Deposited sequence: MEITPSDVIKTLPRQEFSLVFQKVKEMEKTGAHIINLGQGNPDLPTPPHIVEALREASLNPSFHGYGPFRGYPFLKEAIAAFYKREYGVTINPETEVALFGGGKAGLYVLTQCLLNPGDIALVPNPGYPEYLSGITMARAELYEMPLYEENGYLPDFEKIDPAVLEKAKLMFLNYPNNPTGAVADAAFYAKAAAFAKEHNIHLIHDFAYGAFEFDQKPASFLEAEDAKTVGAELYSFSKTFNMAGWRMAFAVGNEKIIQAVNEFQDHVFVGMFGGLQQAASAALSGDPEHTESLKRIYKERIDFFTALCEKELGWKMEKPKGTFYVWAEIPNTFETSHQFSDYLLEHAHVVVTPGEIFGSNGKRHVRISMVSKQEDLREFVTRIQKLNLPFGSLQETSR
């Protein structure tokens, strides 16, 4: 009788043909990042253990990146921690900031792994609904004042998975001011922060009192098509980072020097690379949503951010799950049912613009042979 712990058994199975499901970038990592890894790997200094907290040269790159892109001042020796990807960062941050029985404030809809780190910390979730009428921003006023004392952590995510909503500096000032009043650690998930199409994407850390209450998680995965490389960092409050450092001292010994060099080449590289990629996603979104309306009758929002389209399922379907499953079965295409993002996602699917045109057209046309009432 092998016995898993309560943590394991209460965790859900992870839910992640034309695949417009997983948000897996299809374009390669830029060549200069690959060359940096290839070159660094020859350096025997990286074959052995290095600094537990990661190399200074990477932490210096991170601060310089945050100054260049967002005008934010980051002390690299104290306000930066490294993670093996944003998924691991979310987990570490949650374990460092939540005790069993504390309340975590989580958007609905929202990235499903927020709920999961909260579960391994044995904490209680309280939902902040995201409604289109509010621009998919939370109404902090509608949170039960009784939970606020017990609420220790809040998750926010803009540009937003799965809705593509964006937030401006005034929303972040309000969020931080709210978090301050109620002693809530605020984690901003900036995994799509390269991808706001109209305005320059604003960091949470531009807002007054942001660094006081919280931190920003930045992934390499989407910005630089480095999803496979498993690299991320957090920037923010010095106390948060010290806690992270203390946890990770027992769990890791930094990460391969070659990867860190590659990450340093990514951050200091020309921004024109990322803008080009942003242009590619933008053109695919125009292609896709125009062809959907014209050839199917499916009227879709164009997202303000990210490479995701959030579309309403036909009136004749029970749940996003069945609709999703109808498409995989009969049309042989993958979309992500909105339900995995929370109850507020029912009746929507998330569709990822991580395929080239040829696959996006064949998506639409395969679905035409189904003649659904998108009207």
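Student: Lining up the deposited sequence with the coordinates, I want the ranges that have no C-alpha atoms.
Tutor: According to the deposited record, C-alpha coordinates are absent for 17-33, 393-399, which together make up the missing parts.
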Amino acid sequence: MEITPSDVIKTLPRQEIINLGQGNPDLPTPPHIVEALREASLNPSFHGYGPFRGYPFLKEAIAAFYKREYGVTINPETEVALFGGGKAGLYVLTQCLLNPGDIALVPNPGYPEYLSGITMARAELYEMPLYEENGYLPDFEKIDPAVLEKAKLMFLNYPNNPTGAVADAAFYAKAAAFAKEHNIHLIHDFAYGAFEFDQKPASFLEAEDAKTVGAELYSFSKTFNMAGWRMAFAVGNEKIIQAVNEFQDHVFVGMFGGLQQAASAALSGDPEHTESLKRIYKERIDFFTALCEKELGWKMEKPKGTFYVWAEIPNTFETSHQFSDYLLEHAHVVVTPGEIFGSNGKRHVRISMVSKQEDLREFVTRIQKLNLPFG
From here on, numbers count along this sequence of modelled residues.
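Student: So, looking at the entry's B-factor column for Cα atoms, which has the higher mean, 120-128 or 245-253?
Tutor: Per the deposited B-factors, the answer is 120-128.
Student: Can you tell me which stretch has the higher mean Cα B-factor, 351-359 or 20-28?
Tutor: Between 20-28 and 351-359, it is 351-359.
Student: Which one of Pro145, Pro76, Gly86, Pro109 shows the biggest C-alpha B-factor in the PDB entry?
Tutor: Comparing C-alpha B-factors across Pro145, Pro76, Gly86, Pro109, the top value belongs to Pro145.
Student: Comparing recorded Cα B-factors across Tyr55, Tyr326, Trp310, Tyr70, which one is largest?
Tutor: Among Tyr55, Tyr326, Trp310, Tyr70, the highest C-alpha B-factor in the entry belongs to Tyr326.
Student: Going by the recorded CA B-factors, say which third of the chain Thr316 sits in, lowest, middle or highest.
Tutor: Its C-alpha B-factor, which the entry lists for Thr316, ranks in the highest third among residues of this chain.
Student: Sorting the chain's CA B-factors, does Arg230 end up in the lowest, middle or highest third?
Tutor: Bottom third by C-alpha B-factor.
Student: Thinking about Cα B factors across the chain, which third does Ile285 belong to?
Tutor: According to the entry, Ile285 has a C-alpha B-factor in the chain's middle third.
Student: Splitting the chain's C-alpha B-factors into thirds, which one does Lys302 fall into?
Tutor: Highest third - that is where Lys302 ends up once the chain's C-alpha B-factors are sorted.
Student: Ranked by Cα temperature factor within the chain, is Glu133 in the lowest third, the middle third or the highest third?
Tutor: For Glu133, the deposited C-alpha B-factor lands in the highest third.
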